[PDB]
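One chain comes next, on its own, written out as structure tokens in the form solved without the ligand.
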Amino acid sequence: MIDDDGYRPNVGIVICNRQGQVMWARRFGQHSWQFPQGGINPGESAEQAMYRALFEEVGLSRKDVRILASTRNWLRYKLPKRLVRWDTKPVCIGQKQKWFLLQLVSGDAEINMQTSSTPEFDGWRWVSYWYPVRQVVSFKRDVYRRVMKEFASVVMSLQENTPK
């Protein structure tokens, strides 16, 4: 499944841990960090696929989290040449992604990340807001910034309401 022009449809989970901090997790088998993103399953709508990725990536289900916001339209960006697949047909030249801001309702104790038998994450750490934007590769950084900007005040209001 590719969206018409060569874009893979995905959903990115922005877990926000209610201390004012964001999703970041060490990537299984790679031993370095990675962003979230999970493909959309054919004919599964964005919210349904978002709970699919929530399970595949974080090992959480349709109950462990609370949607607060989502990106106003599908963000997308273009893979660098060497990371373009050439094996997908159509050739996949980018990630079409809608990010969902999820407030954590369960947590670390209920997060399992190894639900999928070959997941992407091995374990994590809630980190300062803009930190993952610096950790990600330079071509993604700009786009991930937009995701963070779209949600910044939505997370910060919870750490900015008493004291706040």
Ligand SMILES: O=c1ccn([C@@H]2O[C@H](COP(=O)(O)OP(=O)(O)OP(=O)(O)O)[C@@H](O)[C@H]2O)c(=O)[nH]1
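Just count from 1 along the sequence shown to find any residue number.
Absent from the display: the form deposited with the ligand bound. The rest refers to it.
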property: Touches the ligand in the bound PDB entry: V91 (any heavy atom, 4.5 Å); result: no
property: Non-hydrogen atom contact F55 with the ligand in the bound PDB entry at 4.5 angstroms; result: no
property: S32 within 4.5 Å of the ligand in the bound PDB entry, heavy atoms; result: yes
property: Contact flag, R66 vs the ligand in the bound PDB entry, heavy atom cut 4.5 Å; result: no
property: Non-hydrogen atom within 4.5 Å of the ligand in the bound PDB entry for each of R18, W99 and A152; result: no
property: Contact set, 112 to 137 vs the ligand in the bound PDB entry - heavy atom within 4.5 angstroms; result: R125, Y131, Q135, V137
